[PDB]
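# Observations on the model geometry
The residues making up each chain are set out below.
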Amino acid sequence: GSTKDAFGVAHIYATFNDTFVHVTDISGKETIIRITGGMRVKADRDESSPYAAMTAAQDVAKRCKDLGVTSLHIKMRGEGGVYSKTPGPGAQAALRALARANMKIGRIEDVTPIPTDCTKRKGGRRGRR
RNA sequence: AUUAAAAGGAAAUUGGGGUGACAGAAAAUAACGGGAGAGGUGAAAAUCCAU
């Protein structure tokens, strides 16, 4: 059920607590292989280390070239609804790992959601102490 | 029986001043992809997960 070189999309959602390496078809409805940081480490604190993000992104690519997807439209995103809109630590490691993995890199975009207007944020008035 | 006060009141623009009748985030629901973790912390656990 594989084909020749088919462009993919890599919605790499990496936050301060975890990382996600998700590749689908260009329609965005059928995923190809999705490996996250928590599937590559045993320590909870290391669910989003750059080594964890790069190792996961490494093994993700091998399946992509195995199935024929070689080029990826990267999409960068962090947990930025009402929280921090900056991509987490392992975001760059995951992208670079794919680049070292001999994958053509197409468009790169930031798909972190930006609320036109927002709900309440957790923490109350005085915030986190 | 004085005037016409850089006293006051009365008859071209400025105004997120007051009243009255477009946007996606967050979450839910529906359906599809995938099949093992996900949240969370300085570190963990109670928690959600093969329905």
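Reading guide: rules and limits
- Residue indices run from 1 on each chain, following the sequence as it is written; they may not match the entry's numbering, and residues absent from the coordinates are omitted.
- Chain letters start at A and ligand numbers start at 1, both assigned in the order the entries are written.
- Here we see only some chains of a larger assembly; the values are for those chains and no others.
- Calculated side-chain values reflect all of the structure's heavy atoms, with hydrogen atoms and water omitted.
- Think of it this way: one heavy atom of a residue within 4 Å of a molecule or strand is enough to make that residue near it.
- Here a polar contact means two N or O atoms within 3.5 Å. Within protein one must be a hydrogen donor candidate and the other an acceptor candidate, and residues neighboring in sequence count only if both atoms are side-chain atoms.
- Counting from the N terminus, the helices are DSSP H or I runs at least four residues long and the strands are E runs at least two residues long.
- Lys, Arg, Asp and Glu make up the charged group, whereas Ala, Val, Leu, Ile, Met, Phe, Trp, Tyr, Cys and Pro make up the nonpolar group; the residues left over, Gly among them, are polar.
- The set of buried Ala, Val, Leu, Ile, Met, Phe, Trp, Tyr and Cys residues whose side-chain atoms join them within 4.5 Å is what this entry labels a nonpolar core.
- For every residue, the accessible area (1.4 Å probe, protein chains only) is compared with the maximum for its type, and the residue is labelled buried under 20%, exposed over 50%, or partly exposed between those bounds.
- The contact definition used throughout considers only heavy atoms, calling two residues in contact when any of these lie within 4.5 Å.
- Take a side-chain nitrogen of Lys or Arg and a carboxyl oxygen of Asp or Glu: if they are within 4 Å of each other, that pair is a salt bridge.

By the method listed in its record, cryo-EM, this PDB entry was determined to a resolution of 3.2 Å.

### Topic: the protein's contact with RNA strand B
Neighbouring RNA strand B are 20 residues; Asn 17, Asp 18, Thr 36, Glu 47 and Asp 117 lie closest to it. Within 4 Å of the protein, the atoms of RNA strand B are drawn from sugar and phosphate moieties in a proportion of 68%. In the environment of RNA strand B, a base oxygen lies 2.9 Å from a nitrogen or oxygen atom belonging to the side chain of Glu 47. With three residues, strand β3 (residues 31–36) is the single largest residue contributor to the surface near RNA strand B. A per-class count over the surface near RNA strand B returns three nonpolar, eight polar and nine charged.

### Here's the deal with the nonpolar core
Within the largest apolar cluster, 26 residues are counted, with the highest numbers of intra-cluster contacts made by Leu 72 and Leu 98. For this core, the element with the highest residue contribution is helix α1 (residues 50–67), accounting for seven residues. Beyond its immediate sequence surroundings of up to four residues, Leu 72 is in contact with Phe 7, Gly 8, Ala 10, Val 23, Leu 98, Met 103, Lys 104, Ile 105, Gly 106 and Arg 107.

### A short note on the side chain of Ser 71
Among the structural elements, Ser 71 can be located in strand β4 (residues 71–77). With a relative accessible area of 11%, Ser 71 lands in the buried category. Excluding residues that lie within four positions of it along the chain, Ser 71 makes contacts with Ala 6, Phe 7, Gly 8 and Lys 104.

### Re the pattern of salt bridges
For the coordinates displayed, the defined rule picks out one salt bridge. Residue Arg 63 pairs with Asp 66 through a salt bridge whose shortest N-O separation is 3.4 Å. Within this pair, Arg 63 and its partner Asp 66 are both found in helix α1, separated by three residues, close to a single helical turn. Owing to a relative accessible area of 40%, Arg 63 belongs among the partly exposed residues under this scheme. Classification of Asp 66 as exposed rests on a relative accessible area of 52%.

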